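Let's start with one chain on its own, the form deposited in one PDB entry, as structure tokens.
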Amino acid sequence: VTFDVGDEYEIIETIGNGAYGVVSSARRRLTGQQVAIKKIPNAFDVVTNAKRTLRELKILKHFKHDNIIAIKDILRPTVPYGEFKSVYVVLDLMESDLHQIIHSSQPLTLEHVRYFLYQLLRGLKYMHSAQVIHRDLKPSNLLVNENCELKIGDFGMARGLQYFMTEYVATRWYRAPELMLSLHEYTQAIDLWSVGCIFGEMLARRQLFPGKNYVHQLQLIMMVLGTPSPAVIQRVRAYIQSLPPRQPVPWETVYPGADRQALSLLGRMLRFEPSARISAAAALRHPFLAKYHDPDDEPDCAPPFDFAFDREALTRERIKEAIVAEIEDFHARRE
């Protein structure tokens, strides 16, 4: 079967795969309400993964927000603690993600784009007030349904306030320059870079900076934003120091026929300097999102999120203990 849940849920279809692991749509037995169930097959075998899972449970259990994917249940172990391998999390089931929507024959008007961006930023304002950087925002991590309701998901990369830049890789289309040309101060401005990229992706329905490798990535950014001012720098320095004085291409020539306000907002997000970028809070006060802006319906998260548990260097078994403790804690609060 490979999905041995109880009689509380009824599996419908298998939707697909995270890197680890499996997501099936289901139906709660008593309410008939549709949920999504993620099985994590060997959740405690690999220290790095177990750490991700623990991290992601804590952040989701901390957040209550219409624009951030949510945990509805975590299933108890149905076997002894020693034998417990696979963890099942019940989450909000959405109908698609934003990647499928952008890259489809269906039409995508500015009204869609405007509404999708508003929800994204409303979600991030809450996160960032909790002092949680998402770090991996992309359209496939933005879940969506028929009535354009949007939810941010996948917090496995999230961080408070090692990794290596491998060359031949095309997986950094939404990564902020500070994570590339490694500056020593990483803040929540990181997500607003990715938002800019995502935003722009919707306006053209095609990737803004689709780099094929590490270098092609920095080239593509430079081709639009120009060279970063000397001050905005400091081995890696050399590659850029000697490259003809590049000027920023205006966003109007990048997107011909686009909306004046949309670009004003976009231009406040895609900027090398992390401090130069708008915050999510401020972005919501932009004319572009004026239709939707409601001060009394765009809350912060309090208290903020402690990352103590993450810093601590834990064994494989001690992370299993902590994850199990999150499951027991989850049920204690509800029941």
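Shifts are known only where both forms have a C-alpha. So that there is no doubt, residue numbering starts at 1 and follows the sequence shown. The term rigid core refers to the most C-alpha atoms you can superpose between the two forms while keeping them within 1.5 Å.
Absent from the display: the form deposited with a small molecule bound. The rest refers to it.
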Looking at 62, 38, 286, 28, which is the one with a non-hydrogen atom within 4.5 Å of the small molecule in the bound PDB entry? 38
Look up in the bound PDB entry whether residue 266 has a non-hydrogen atom within 4.5 angstroms of the small molecule, and give yes or no. no
Looking at the partner-bound form in the bound PDB entry, is residue 53 within 4.5 Å of the small molecule by any heavy atom? yes
Is residue 49 close enough to touch the small molecule in the bound PDB entry, meaning at least one heavy atom pair within 4.5 Å? yes
Taking any heavy atom pair closer than or equal to 4.5 Å as contact, tell me whether residue 189 reaches the small molecule in the bound PDB entry. no
Which of 221-229, 84-92, 199-207, 172-180 lines the interface with the small molecule in the bound PDB entry (heavy atom within 4.5 Å): 84-92
Mover between this form and the one not shown (rigid core aligned, C-alpha >= 2 Å shift), picked from 171, 247, 253, 109, is 171
Align both forms on the core first, then report whether residue 17 has a C-alpha shift of 2 Å or more between this form and the one not shown. yes
Between the shown chain and the other structure, the Cα gap of residue 20 to residue 92 differs by 3 Å or more. Is it closer or farther in the bound PDB entry? closer
Cα-Cα trend for residue 92 and residue 17, given that in the bound PDB entry the distance shifts by 3 Å or more: closer
Where exactly does the backbone move between this form and the one not shown? Looking for runs of 3+ consecutive residues, each with a CA shift of 2 angstroms or more after core alignment. 16-22, 145-147, 162-171
